[PDB]
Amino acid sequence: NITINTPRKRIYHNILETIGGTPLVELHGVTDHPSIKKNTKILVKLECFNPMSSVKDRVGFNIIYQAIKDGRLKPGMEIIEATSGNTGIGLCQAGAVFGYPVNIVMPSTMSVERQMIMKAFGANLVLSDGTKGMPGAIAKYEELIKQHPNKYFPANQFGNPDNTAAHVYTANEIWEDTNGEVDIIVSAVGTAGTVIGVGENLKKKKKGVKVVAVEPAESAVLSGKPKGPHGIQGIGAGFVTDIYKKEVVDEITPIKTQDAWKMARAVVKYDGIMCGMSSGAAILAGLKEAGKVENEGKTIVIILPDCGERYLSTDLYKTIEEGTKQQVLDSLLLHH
């Protein structure tokens, strides 16, 4: 039989109380490959189940919550961040409920759908010149911080320890859901809050947990390669972030942009999970991990940071693989 969800047995006081507690789900369709032994377990953690459908719900919430508790954010002050992605959404959701203005700096032509989401939450969008790109946004952000040194609270997504600290919950959920069986955690790296936060908190409970960081093959800066252009949205920031701690990470797996996209298409077609681009990268790294002989029988947990619906404006679902499942998985997983 098939048992769907049970009642949560709770009345949440506001939308922030629904953040986290996301499902951990078995992969089956894309694990059906000779390279992966049948007793190896590959589980995906679906951060799309957050109310605004990405892992950054946790990050925006905890950055703002902790700042309020610490007195670093006080009435009269406003939040600011330079972001065109999910961090802006997570900050805008938390800011709307806590009652603080949120200023988001981004180029005028960047992620117009995310602009609309953030504006709907009441954000004040600071749109730098589209012709100037993200350097124009960074320039406008720095100018604003200098013009408002006491009024603005900077989220500092790439360095804020309250980003990393949000993942005490992520890690505990993995620990509880797997009954302590988790062996490997795979996380594609943007701010590095997830890989470091989950990795540190799992390793406190179980020292032998292997931490796998994933980055674009085209911008593999954690591997010491130069920054370069890539198309795995949400990761590959092009620099080693202040949160990143190399000693927490056991392996860096680069994933090609095109393989991340192809993996994402295969996951929705063969497992029915519509995950985002970085999720495709993470899943492919995890499936390669599941093919290594020393990993037979292990429990491999893969973070899926957001949903594919956020990428319908790209060609992620316009491109079509002509081949069968086995042709697609062979093209991705065969070492030859």
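Residue positions are given as counts along the sequence shown, with the first one as 1.
The mean C-alpha temperature factor is higher for 137-145 when 137-145 and 208-216 are set side by side. The mean Cα B-factor in the deposited entry runs higher for 318-326 than for the other of 318-326 and 15-23. Ranking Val195, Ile89, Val112, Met263 by Cα temperature factor from the entry places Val112 first. For the set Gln66, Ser278, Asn50, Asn295, the maximum C-alpha B-factor listed in the entry falls on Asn295.
Per the deposited record, the Cα B-factor of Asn156 falls in the lowest third when ranked against the other modelled residues of its chain. Ranked against the other modelled residues of its chain, the C-alpha B-factor of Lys74 as given in the entry falls in the highest third. Ranked against the other modelled residues of its chain, the C-alpha B-factor of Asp162 as given in the entry falls in the lowest third.
In the deposited entry, the Cα temperature factor of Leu127 sits in the top third of values across the chain's modelled residues. For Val189, the recorded CA B-factor ranks within the lowest third of the chain. Only modelled residues enter the ranking.
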